[PDB]
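Participant: Handing you a structure now.
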Amino acid sequence: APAX
Amino acid sequence: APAX
Amino acid sequence: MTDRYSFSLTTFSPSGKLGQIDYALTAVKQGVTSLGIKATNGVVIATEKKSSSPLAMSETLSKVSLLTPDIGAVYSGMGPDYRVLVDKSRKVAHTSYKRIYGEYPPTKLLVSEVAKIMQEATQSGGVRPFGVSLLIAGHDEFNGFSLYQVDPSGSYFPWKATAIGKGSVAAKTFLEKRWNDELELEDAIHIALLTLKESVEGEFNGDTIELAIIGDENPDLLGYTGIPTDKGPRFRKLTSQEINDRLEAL
Amino acid sequence: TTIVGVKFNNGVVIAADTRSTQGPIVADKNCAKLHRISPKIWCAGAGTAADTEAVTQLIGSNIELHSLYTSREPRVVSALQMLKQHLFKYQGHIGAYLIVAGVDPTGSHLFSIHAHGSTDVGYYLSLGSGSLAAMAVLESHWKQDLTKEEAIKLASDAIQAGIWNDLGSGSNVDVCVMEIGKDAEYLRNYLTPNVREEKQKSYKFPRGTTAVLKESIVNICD
Amino acid sequence: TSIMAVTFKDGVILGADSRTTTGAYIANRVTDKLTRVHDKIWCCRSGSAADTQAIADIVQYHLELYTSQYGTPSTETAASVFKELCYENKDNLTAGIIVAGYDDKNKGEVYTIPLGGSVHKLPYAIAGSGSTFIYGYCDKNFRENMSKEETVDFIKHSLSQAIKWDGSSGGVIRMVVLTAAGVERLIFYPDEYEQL
Amino acid sequence: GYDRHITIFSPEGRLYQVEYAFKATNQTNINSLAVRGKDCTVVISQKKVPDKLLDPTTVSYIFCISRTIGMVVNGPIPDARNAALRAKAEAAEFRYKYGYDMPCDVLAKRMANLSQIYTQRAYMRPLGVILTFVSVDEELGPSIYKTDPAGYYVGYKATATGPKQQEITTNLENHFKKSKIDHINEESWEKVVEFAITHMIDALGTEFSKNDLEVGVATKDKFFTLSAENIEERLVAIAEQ
Amino acid sequence: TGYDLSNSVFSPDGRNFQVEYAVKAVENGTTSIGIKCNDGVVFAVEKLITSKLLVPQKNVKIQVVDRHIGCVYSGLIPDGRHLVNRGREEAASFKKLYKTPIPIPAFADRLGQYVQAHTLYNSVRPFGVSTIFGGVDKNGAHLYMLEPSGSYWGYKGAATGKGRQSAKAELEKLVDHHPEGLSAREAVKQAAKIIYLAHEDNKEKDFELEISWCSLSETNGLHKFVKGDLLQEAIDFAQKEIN
Amino acid sequence: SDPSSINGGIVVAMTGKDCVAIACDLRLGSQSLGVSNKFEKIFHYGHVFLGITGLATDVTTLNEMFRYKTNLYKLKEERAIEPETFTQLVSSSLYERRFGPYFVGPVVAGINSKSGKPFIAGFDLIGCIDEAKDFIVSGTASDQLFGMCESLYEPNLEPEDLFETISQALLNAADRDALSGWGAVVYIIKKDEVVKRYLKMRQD
Amino acid sequence: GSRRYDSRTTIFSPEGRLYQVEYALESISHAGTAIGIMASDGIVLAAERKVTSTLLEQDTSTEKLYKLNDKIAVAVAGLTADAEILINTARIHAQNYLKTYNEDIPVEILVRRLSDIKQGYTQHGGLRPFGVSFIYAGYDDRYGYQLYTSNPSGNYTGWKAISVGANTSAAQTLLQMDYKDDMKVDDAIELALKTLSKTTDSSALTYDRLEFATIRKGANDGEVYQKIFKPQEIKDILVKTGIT
Amino acid sequence: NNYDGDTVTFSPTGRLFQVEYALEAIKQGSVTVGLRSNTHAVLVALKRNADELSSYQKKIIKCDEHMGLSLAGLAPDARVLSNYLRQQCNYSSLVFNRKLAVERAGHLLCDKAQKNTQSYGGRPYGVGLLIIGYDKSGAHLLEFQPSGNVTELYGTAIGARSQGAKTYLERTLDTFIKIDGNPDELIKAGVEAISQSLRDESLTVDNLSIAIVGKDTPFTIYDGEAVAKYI
Amino acid sequence: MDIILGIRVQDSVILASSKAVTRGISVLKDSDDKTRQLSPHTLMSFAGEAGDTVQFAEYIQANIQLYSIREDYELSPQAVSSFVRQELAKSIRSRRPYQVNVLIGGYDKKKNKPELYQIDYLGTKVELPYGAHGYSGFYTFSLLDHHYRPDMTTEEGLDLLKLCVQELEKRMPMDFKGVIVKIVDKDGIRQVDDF
Ligand SMILES: [Cl-]
Ligand SMILES: [Cl-]
Ligand SMILES: [Mg+2]
């Protein structure tokens, strides 16, 4: 899962 | 995590 | 202790009537008149703010309620029953629709959810039916403008125009004479104001009449700018002043 | 991510870069890290992308219902309390790091929320991988009594420090301005200082280049 | 953190540094670690920022509800509610809390609640990572029934030293004064306390 | 007629248990009244201690719900205290959940919803009480909101409740007719209390000693009740008038 | 009608007839009283001697709650025990969470709310007792009486049971004749007299007297039973007065 | 032991002038062993297209799930679900399984039938929406697809040009991944005709 | 306790009937008549609306005919609200079957589960039965075209032609008279409308007091299409058979 | 009459008729007697049979080494209540290493019975019990009625025609109360007490039931040839 | 367990399944039938974790037989395979998942086609001309890629299967004690007795  |  | 009433309080009599639904409709009969009219570019819903004491501040009691930014409701019957239905209706628009699809429900489907809640009070154990009939006016992209009536049984019907409560029989007749499929929204407001005077006894002004519309998007009512695809709520409550402006040209 | 919040005279401004990463790869060059909780309460989110979006919508939903129930405009401290208590319940596993800001009947507010559920109050804040680059700028240029335009410049300057100096941040600057007595103005792609240069060549292929085995019309109808 | 609470002639004073840490990075240099759970019952928070906030919020809620039904709670009662939370959730909590309040019967009182959730009523209490460095100093300099100005100085000098040696303490020194006269917030900046 | 024992509809669409719960409202034979000042909201209620053996200080129908909200009940005391404990719990929870003090009108709505449930769900009886909530709301200013066993609630310019309520109501209507405003145009709560006692005296046609009354005042950031002495001070000033 | 066959039903006057019928069971029971005094409270009760065979002193009816509260009741004895058991749980949980022993007003509402709860549903029956209780807390002495409806107030003196009227009249005299206050040891004697006087209305069977008290000075704020020389002395003072 | 790369496979989507394209490979393997050459990863619900990469059991399960949900949607709403709406439904459904997720990389493509706008989106396994003008990529050769797309792509391609571009992005990415390939399908989607082409590619 | 107010909805009469089922059926007998007729090449559903007002929005309306899946529809006689509860259940049940077996649910299987739900309300739980009778019209590749009915008892049976609601006695006699096995759909359309025309309690049958649906193989080759008639389409079919 | 449908209903004079009807089953029960000195406590029970081919229903149940009871009325209800007592005595031993006070046994039974007199759906117990025991404060006799009322006595009796024995014991009090250190004399007095309640019948060898507990005697029950000594 | 194969030819599905049951260093049995008849025209072979295999197979068999009785009808192979897949797909996220892999061979009588489904313990379903579970596939898939033709007869299918078993007996480390072969066609399910 991608992060910011 | 933020500690004091 | 706890609820040991797990059996139905609404049952069929030998003639086939469901007594409590009939009696709930009788409570709606007693209720103050409310109505809705569907124009080509909008819907109007209106009712009388019949105050309990003149010491009461009747702006604090809203009979016409926003459910979603494009859907509004009014009722006839028992006020407290209506209040909790609005609470439940607002929430179910989120939990069973907006939190799933990222957009507000279309009118018929929100109506469908309210109807479900009212049907359950007709069959579940240990409860009585709701003592109200609702009129729900709304707009959605793929259905346009629509007006629905919901009864204590959980039944709902789409209307061009109708009225409920006290002087509904008379008011429904009035609306048959005046309604056509070419009404512009302003004409529908005007007809609604005429229809409502028949059934109001005392004062007839913008402080005793509650009236809302589902019409054009209101960017000025949005609260923010910068997302050009968000254009604002189609639901708008007419102010005390706005109503009185339309009563001089009555 | 780089995100910031800066208070000023008559309100508060938040800003964010627009890069999403999956490891060293840039997953999204222009995602929106600024979220609307209510019309005049906005949220900037760093951390697990889905978590910041989901937690922001959930509390936004409940705030709307609460606003309707109370016949009042929502307050930032309600969003703050609801967010923090939710995040605390999940013991850090919901990886949302938020700067919450807005205006309400009480005034203008600026807060941060860490994923384990602790909140902070300040006139200037920054979160995300680029938070040190941004905070270096904020600590250098922030002053008491900023005008709206000074606050916007300071905020986007802080985001720029992140964009240039942090590999976790890039592309554009989004801004949202929440001033007292006015509508929130959401400035999507306020700055776009990373426009791809013109490519040297067009890679459009001669038609028929690709070898095909079969065709067929798909039935989308009823 | 560095925190402490000191009873004196007219009541009690709470004191704390203002540093929040996220590793060796200072996440907040102006933190408020002194927190109100009732008009004249306050606490100093150390350990996890999230844990201690969550705890203080619950305690404030309990005491608000206590107040509605039975009137003003005693400082002992407030400390008991903190204990119940800290003790029963000792596996999941990192919270070192000092509770301090002012009754009109009991004057100033200080209860310290270390990690395990035990309760200890004391004339004064120190806690937080920075407190280790001032056990010597504080034990040598504390007396009972100090004046307000003496107590402010004791706290200022003590926390000054804790901040000097502890890297996990710093920023401003905050204090909260609790007497019959009401509630007073004090703040002291580095340029003052550093060169003491 | 078992439609008379539980909260189901009668053939004429009525709820007899709700109607009879209203009749229990007057069981105590007390009248209450509430008015708004500029800065305050005042509620007064008759205090009747029949038995000489009672501790008169423990005899009260006014409740401090939160720091800012007060509530007076018309109805039997067990139901009154049941309602007060719930209101206190609801107001404290609201503050914890949402980070600000529960507004008077929202608490009124919440208690009204609870009452509505008792009118619809069979296993719960309605409470035989009418609840008048008062505060100086930070958004709305001086506020009076009242709840009944039907689950109805509304805001008031002023209000009264009890057996001789109609006398007091028309007395107040006649004043506002004349005054032309929403409230008691008075600076200090002391004089608004005096107005309240004065118009209660005229409408009821009776005199009061300090132990015949019970007064609650709501100002910005606190609601409080008066001692026998603060009321005596107030009765004295009305006499010298 | 039929309004009186089901608890929690309002009659057309607005009454809960089942609570009113529970009051009849209270009125049917033996006399019990409480007298508030300078720094404490005193409780007394008449125990009817059904037979020679009842072991004297050994069917105790006054009950302690926590360490500082006394409770006495008239009506259905088991209903009173049930109420005191709940009171003991309420006091334990208060002390557990808040450290301090439960204040008497706080304790009064715990019982009040619990009794009132038994008038909300048709699946429970109201309590068949009126309960007199009280003690000493940080704010002084408090005496309370609590009825089947859940209604309770603070009292200077209180009585219930068959001799309630006789006893009430007797209490009213003391309140008038001792307006500056009554001492703990005075109240103990008065309590004995009043139970003997109120025994007039129950006089087929002769009775056994039982007294208890909390006094800041005489018992250190703790609830203790009155026995031995102090009990006999107060019996004698009562015997004097009915002759 | 990494569920997202046991079976292998890829999905790519692109926008063009009044059209969208979505393509996938056909491989289904168990680590090194290729098992099936016919395992398509693109499905449709009315005019909305969904491609799913990742663990094949979840790919199948999610297709069955979204068919279910869109069928009920249609019955109640009396219209076909639109891509913007379906995208939201996908997001909700994945995030509902936040702490026990489906190990998938879904991709949505289609044209809104009211507004005529071409629409594509991609998601992570827990529901995060990635909306894009240009292209979305997914699967075990996603790095390669990102490289191919970022260099080959240009805006406003005609359907027959877009076809070549998306096909070349897929093919050449697949050929640098051991777990992708073994055939490929390309859907060209215009406002109301949809062509499906099977590509000839190396079978190793 | 609460036993005092329990109607005992799930007991037998001394004759061995279920009071509430009987009384529910009595309720249904005053509902708008609905007719199902099954042909060799399709099925007709026709139903009369409960007496209209001129102001009712008739085109965006549905009171009688509901879509269950793509191959199955129902006609309702009774409480609409009760029917919707059951309809959503049936719709979900259809989807569970499809999800499980990757095949559309056989008509009887759907009908049985709905009827089993109704049955339950007559034997346990102390709740009132659903005041609804359904006519199910659907197709599957085992039995082809099928008509069923279910009523509050949860009993179901299959039909070539059937009516529910008001005047089923007169309607059933008329269907029995004119129905014949080799019938086409277009003949069944006519029979349905002519039967309502004669049994109606209204003065004359108009488009605005009707709902109408067909289930034909009349799409393209070996597959099935549901057509829920628009008002204008009913107005035409009413002329086409000379009732107006 | 209209108020005897269940235990949760008071009559207009404040009575509980279901509790009173429960009390009535005790009155139909065979007589049983309790009495005690300072060193021992004795139960005597007249056992009843169905006919001449049947056994004589047991009326005495051991609860612990130092406690036990006799029953009059519904026997299964005595089984439930005696079993509860066994548990409570047991719990006191395992947890506190403490023999349960007979007084606490009394209070525990009262509270158990009471719950069934205030809640809908339940019913009062239909049995009366006489509990004897020897504990840290000496010999005890208790009388339990299913109204929840428990009473400590020197002696008593319950069941049909128990008024004969209860009168006898009332006169005899000063004698039997001081039969210390003599088991057989206390029993004799008990057997005589019960005889004042007999009509058209007298005590046979498989009809009489006696139990004793005291200073150095565990609660034990005597039946059959073991009671012939006393006829 | 270990070896299960399946080949679908023109008019039938053939399943071959090893006979050995081994625990530790002992072959406990050499005549084990690793199969259950689900319906008269549907057969399922299985391999995996000890105990789980038979428990799962019999449980599916019980469910399919119940359906048959209830509807007086035989579920199609596609329908049975989808039911089985769903059961395994549920199982994989249970507290303790079924560690069982299956081949489902059936003759669809409505279509008059044989069908072979390969489903692993995760609920991964695929329809194939030929299938295998475990290490068997590492030899047979390539062999079958070479020798298999879509229109083969049942006899050609069995010869093709002999090739597979021969290769496995040459190159597999373990003695799997031969295979039991079963044919599913329009006339139902039968067992070849000399292989
Ligand atoms: Cl903090
Ligand atoms: Cl509510
Ligand atoms: Mg290869």
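By order in the structure tokens, chains are A, B, ...; within a chain, residues start at 1; ligands start at 1, following the order shown.
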At a cut-off of 9 Å and counting only C-alpha atoms and all ligand atoms, what residues surround ligand 3? Please answer as an MDAnalysis selection string.
Facilitator: chainID H and resid 32:34 178:179 182 203:204
Participant: Could you list, as a list in words, all protein and nucleic acid residues with an atom at most 10 Å from ligand 2, counting only C-alpha atoms and all ligand atoms?
Facilitator: residues 83, 84, 87 and 88 of chain C; 69 of chain D; 106, 107, 109, 110, 111, 112, 113, 114, 115, 116 and 117 of chain F
Participant: Report as a compact mmCIF listing (two decimals) with N, CA, C and O atoms, in the first residue's frame all protein, DNA and RNA residues lying within 8 Å of residue 134 in chain I, evaluated on only C-alpha atoms, omitting residues in the same chain fewer than 2 positions from it.
Facilitator:
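Result went into out.txt, see below:
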```
# COMPACT_ATOMS: atom_id res chain seq x y z
N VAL I 74 -42.02 -10.52 -10.90
CA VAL I 74 -43.21 -10.82 -10.11
C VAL I 74 -44.29 -9.76 -10.26
O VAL I 74 -44.00 -8.59 -10.50
N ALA I 75 -45.54 -10.20 -10.11
CA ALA I 75 -46.68 -9.31 -9.99
C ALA I 75 -47.21 -9.40 -8.56
O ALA I 75 -47.33 -10.49 -8.01
N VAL I 76 -47.51 -8.25 -7.97
CA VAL I 76 -47.86 -8.15 -6.55
C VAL I 76 -49.35 -7.88 -6.35
O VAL I 76 -49.94 -7.05 -7.05
N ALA I 77 -49.95 -8.58 -5.39
CA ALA I 77 -51.26 -8.21 -4.86
C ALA I 77 -51.20 -8.23 -3.34
O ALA I 77 -50.99 -9.29 -2.74
N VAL I 132 -49.14 -10.40 1.36
CA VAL I 132 -48.76 -10.36 -0.05
C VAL I 132 -48.98 -11.71 -0.74
O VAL I 132 -48.67 -12.76 -0.17
N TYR I 136 -45.23 -15.19 -9.95
CA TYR I 136 -43.87 -15.21 -10.50
C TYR I 136 -43.93 -15.57 -11.97
O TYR I 136 -44.54 -16.57 -12.34
N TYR I 148 -45.80 -19.11 -11.36
CA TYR I 148 -46.11 -19.60 -10.02
C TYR I 148 -46.88 -18.53 -9.26
O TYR I 148 -46.86 -17.36 -9.63
N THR I 149 -47.56 -18.95 -8.19
CA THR I 149 -48.08 -18.03 -7.19
C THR I 149 -47.65 -18.48 -5.80
O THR I 149 -47.49 -19.67 -5.55
N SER I 150 -47.46 -17.50 -4.92
CA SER I 150 -47.29 -17.77 -3.50
C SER I 150 -48.20 -16.82 -2.73
O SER I 150 -48.52 -15.74 -3.22
N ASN I 151 -48.63 -17.23 -1.54
CA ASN I 151 -49.50 -16.42 -0.70
C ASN I 151 -48.99 -16.46 0.75
O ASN I 151 -48.04 -17.20 1.03
N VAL I 164 -54.55 -13.10 -9.09
CA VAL I 164 -54.50 -12.87 -7.64
C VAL I 164 -55.11 -11.52 -7.31
O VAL I 164 -55.19 -10.64 -8.17
```
Participant: Using only C-alpha atoms, which residues sit within 6 Å of residue 3 in chain B once same-chain residues fewer than 2 positions away are excluded, as a VMD selection string?
Facilitator: chain E and resid 20 to 21 47 to 49
Participant: Please, which residues have at least one atom within 10 Å of an atom of ligand 1, using only C-alpha atoms and all ligand atoms, listed as a PyMOL selection string?
Facilitator: (chain B and resi 2-4) or (chain D and resi 118-121) or (chain E and resi 18-21+28+30-35+45-54)
Participant: Next, dump the selected residues to file, keeping only C-alpha atoms, as a short mmCIF file (atom, residue, chain, number, x, y, z; two decimals), in the first residue's frame.
Facilitator:
```cif
data_model
loop_
_atom_site.label_atom_id
_atom_site.label_comp_id
_atom_site.auth_asym_id
_atom_site.auth_seq_id
_atom_site.Cartn_x
_atom_site.Cartn_y
_atom_site.Cartn_z
CA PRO B 2 5.54 11.34 19.88
CA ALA B 3 6.97 10.96 23.32
CA UNK B 4 7.08 13.46 26.22
CA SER D 118 -1.98 12.55 19.71
CA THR D 119 -2.89 16.09 18.66
CA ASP D 120 -0.95 19.34 18.57
CA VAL D 121 -1.82 23.01 18.36
CA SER E 18 7.65 21.96 26.19
CA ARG E 19 9.42 19.33 24.07
CA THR E 20 7.72 16.56 22.09
CA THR E 21 9.95 14.05 20.46
CA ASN E 28 6.84 20.13 18.88
CA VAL E 30 6.06 24.49 22.42
CA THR E 31 4.00 21.58 23.80
CA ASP E 32 1.65 22.10 26.76
CA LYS E 33 2.21 19.11 29.07
CA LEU E 34 0.23 20.64 31.96
CA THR E 35 -3.41 19.70 31.53
CA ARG E 45 1.93 14.33 31.38
CA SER E 46 4.98 12.22 30.46
CA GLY E 47 5.54 9.14 28.30
CA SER E 48 3.38 8.58 25.22
CA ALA E 49 1.68 11.76 24.00
CA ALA E 50 -1.26 9.78 22.61
CA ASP E 51 -1.73 7.63 25.73
CA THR E 52 -1.55 10.56 28.19
CA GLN E 53 -3.95 12.72 26.13
CA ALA E 54 -6.46 9.87 25.82
#
```
Participant: As an exercise, work out the distance from CA of residue 64 in chain K to CA of residue 39 in chain K in Å and give it to one decimal place.
Facilitator: 7.0 Å
Participant: Mind listing as a PyMOL selection string which residues of chain I are within 12 Å of chain D, counting only C-alpha atoms?
Facilitator: chain I and resi 70+219-220+223-227
Participant: Write out the residues from the selection above, keeping N, CA, C and O atoms, as a PDB file, in the first residue's frame.
Facilitator:
```pdb
ATOM      1  N   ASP I  70     -32.780 -10.858 -14.449  1.00  0.00           N
ATOM      2  CA  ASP I  70     -33.023 -10.636 -15.878  1.00  0.00           C
ATOM      3  C   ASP I  70     -34.009 -11.644 -16.480  1.00  0.00           C
ATOM      4  O   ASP I  70     -34.592 -11.384 -17.532  1.00  0.00           O
ATOM      5  N   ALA I 219     -36.085 -11.448 -28.213  1.00  0.00           N
ATOM      6  CA  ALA I 219     -34.853 -10.741 -28.540  1.00  0.00           C
ATOM      7  C   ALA I 219     -34.224 -11.470 -29.738  1.00  0.00           C
ATOM      8  O   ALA I 219     -34.923 -11.740 -30.719  1.00  0.00           O
ATOM      9  N   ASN I 220     -32.934 -11.798 -29.673  1.00  0.00           N
ATOM     10  CA  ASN I 220     -32.245 -12.454 -30.787  1.00  0.00           C
ATOM     11  C   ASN I 220     -31.667 -13.824 -30.427  1.00  0.00           C
ATOM     12  O   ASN I 220     -30.617 -13.909 -29.787  1.00  0.00           O
ATOM     13  N   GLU I 223     -32.249 -16.545 -26.385  1.00  0.00           N
ATOM     14  CA  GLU I 223     -32.069 -15.771 -25.154  1.00  0.00           C
ATOM     15  C   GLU I 223     -33.301 -14.901 -24.899  1.00  0.00           C
ATOM     16  O   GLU I 223     -34.087 -14.637 -25.812  1.00  0.00           O
ATOM     17  N   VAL I 224     -33.446 -14.447 -23.657  1.00  0.00           N
ATOM     18  CA  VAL I 224     -34.728 -13.957 -23.152  1.00  0.00           C
ATOM     19  C   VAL I 224     -34.696 -12.487 -22.731  1.00  0.00           C
ATOM     20  O   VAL I 224     -33.701 -12.005 -22.186  1.00  0.00           O
ATOM     21  N   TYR I 225     -35.811 -11.799 -22.974  1.00  0.00           N
ATOM     22  CA  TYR I 225     -35.924 -10.357 -22.765  1.00  0.00           C
ATOM     23  C   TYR I 225     -37.175 -10.006 -21.952  1.00  0.00           C
ATOM     24  O   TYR I 225     -38.279 -10.438 -22.284  1.00  0.00           O
ATOM     25  N   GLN I 226     -36.984  -9.230 -20.886  1.00  0.00           N
ATOM     26  CA  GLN I 226     -38.089  -8.680 -20.103  1.00  0.00           C
ATOM     27  C   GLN I 226     -38.452  -7.306 -20.633  1.00  0.00           C
ATOM     28  O   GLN I 226     -37.583  -6.447 -20.787  1.00  0.00           O
ATOM     29  N   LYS I 227     -39.738  -7.096 -20.889  1.00  0.00           N
ATOM     30  CA  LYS I 227     -40.238  -5.808 -21.343  1.00  0.00           C
ATOM     31  C   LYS I 227     -41.293  -5.312 -20.362  1.00  0.00           C
ATOM     32  O   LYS I 227     -42.389  -5.863 -20.300  1.00  0.00           O
TER      33      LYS I 227
END
```
Participant: I'd like the interatomic distance between CA of residue 224 in chain J and CA of residue 188 in chain J, to a tenth of an Å.
Facilitator: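 It comes out at 16.3 Å.
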Participant: Hey, could you make a per-residue contact list for chain H against chain C with 12 Å as the cut-off, showing the nearest pair of atoms and its distance in Å to one decimal, counting only C-alpha atoms, sorted by chain and number, as JSON lines?
Facilitator:
```
{"residue": "H:69", "atom": "CA", "partner": "C:100", "partner_atom": "CA", "distance": 11.1}
{"residue": "H:70", "atom": "CA", "partner": "C:101", "partner_atom": "CA", "distance": 11.6}
{"residue": "H:73", "atom": "CA", "partner": "C:101", "partner_atom": "CA", "distance": 10.7}
{"residue": "H:75", "atom": "CA", "partner": "C:109", "partner_atom": "CA", "distance": 11.5}
{"residue": "H:76", "atom": "CA", "partner": "C:109", "partner_atom": "CA", "distance": 7.7}
{"residue": "H:77", "atom": "CA", "partner": "C:109", "partner_atom": "CA", "distance": 7.6}
{"residue": "H:78", "atom": "CA", "partner": "C:142", "partner_atom": "CA", "distance": 10.0}
{"residue": "H:79", "atom": "CA", "partner": "C:142", "partner_atom": "CA", "distance": 8.8}
{"residue": "H:80", "atom": "CA", "partner": "C:142", "partner_atom": "CA", "distance": 11.0}
{"residue": "H:81", "atom": "CA", "partner": "C:101", "partner_atom": "CA", "distance": 10.4}
{"residue": "H:82", "atom": "CA", "partner": "C:101", "partner_atom": "CA", "distance": 10.7}
{"residue": "H:83", "atom": "CA", "partner": "C:101", "partner_atom": "CA", "distance": 11.0}
{"residue": "H:84", "atom": "CA", "partner": "C:101", "partner_atom": "CA", "distance": 8.9}
{"residue": "H:85", "atom": "CA", "partner": "C:101", "partner_atom": "CA", "distance": 5.8}
{"residue": "H:86", "atom": "CA", "partner": "C:101", "partner_atom": "CA", "distance": 7.5}
{"residue": "H:87", "atom": "CA", "partner": "C:101", "partner_atom": "CA", "distance": 8.2}
{"residue": "H:88", "atom": "CA", "partner": "C:101", "partner_atom": "CA", "distance": 5.0}
{"residue": "H:89", "atom": "CA", "partner": "C:101", "partner_atom": "CA", "distance": 5.3}
{"residue": "H:90", "atom": "CA", "partner": "C:101", "partner_atom": "CA", "distance": 8.9}
{"residue": "H:91", "atom": "CA", "partner": "C:100", "partner_atom": "CA", "distance": 8.3}
{"residue": "H:92", "atom": "CA", "partner": "C:100", "partner_atom": "CA", "distance": 5.5}
{"residue": "H:93", "atom": "CA", "partner": "C:100", "partner_atom": "CA", "distance": 7.9}
{"residue": "H:94", "atom": "CA", "partner": "C:100", "partner_atom": "CA", "distance": 10.9}
{"residue": "H:95", "atom": "CA", "partner": "C:100", "partner_atom": "CA", "distance": 10.4}
{"residue": "H:96", "atom": "CA", "partner": "C:100", "partner_atom": "CA", "distance": 9.9}
{"residue": "H:113", "atom": "CA", "partner": "C:142", "partner_atom": "CA", "distance": 11.2}
{"residue": "H:114", "atom": "CA", "partner": "C:142", "partner_atom": "CA", "distance": 8.8}
{"residue": "H:115", "atom": "CA", "partner": "C:141", "partner_atom": "CA", "distance": 11.3}
{"residue": "H:127", "atom": "CA", "partner": "C:100", "partner_atom": "CA", "distance": 12.0}
{"residue": "H:129", "atom": "CA", "partner": "C:102", "partner_atom": "CA", "distance": 11.9}
```
Participant: Write a file of the just-selected residues containing C-alpha atoms, as a compact mmCIF listing (two decimals), in the first residue's frame.
Facilitator:
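See part.txt below for the written result:
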```
# COMPACT_ATOMS: atom_id res chain seq x y z
CA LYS H 69 -23.22 -5.72 -6.58
CA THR H 70 -23.76 -4.16 -10.03
CA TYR H 73 -27.49 -1.74 -8.41
CA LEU H 75 -32.35 -3.55 -10.44
CA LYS H 76 -32.80 -0.83 -7.79
CA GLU H 77 -31.51 2.17 -9.77
CA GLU H 78 -33.00 1.15 -13.15
CA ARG H 79 -29.80 2.09 -15.01
CA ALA H 80 -26.30 0.79 -15.67
CA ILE H 81 -23.59 1.79 -13.20
CA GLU H 82 -21.18 4.46 -14.51
CA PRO H 83 -17.34 4.27 -14.25
CA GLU H 84 -17.05 7.12 -11.70
CA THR H 85 -19.63 5.37 -9.50
CA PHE H 86 -18.20 1.87 -9.98
CA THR H 87 -14.75 3.24 -9.06
CA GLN H 88 -16.20 4.38 -5.73
CA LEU H 89 -17.87 0.99 -5.16
CA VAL H 90 -14.55 -0.79 -5.79
CA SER H 91 -12.83 1.51 -3.28
CA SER H 92 -15.48 0.98 -0.57
CA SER H 93 -15.44 -2.78 -1.04
CA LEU H 94 -11.64 -3.12 -0.81
CA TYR H 95 -11.27 -0.80 2.20
CA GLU H 96 -14.02 -2.77 3.96
CA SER H 113 -22.59 7.38 -21.07
CA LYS H 114 -24.13 10.74 -20.08
CA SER H 115 -21.08 13.02 -20.39
CA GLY H 127 -8.90 0.68 -2.04
CA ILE H 129 -8.12 5.46 -5.94
```
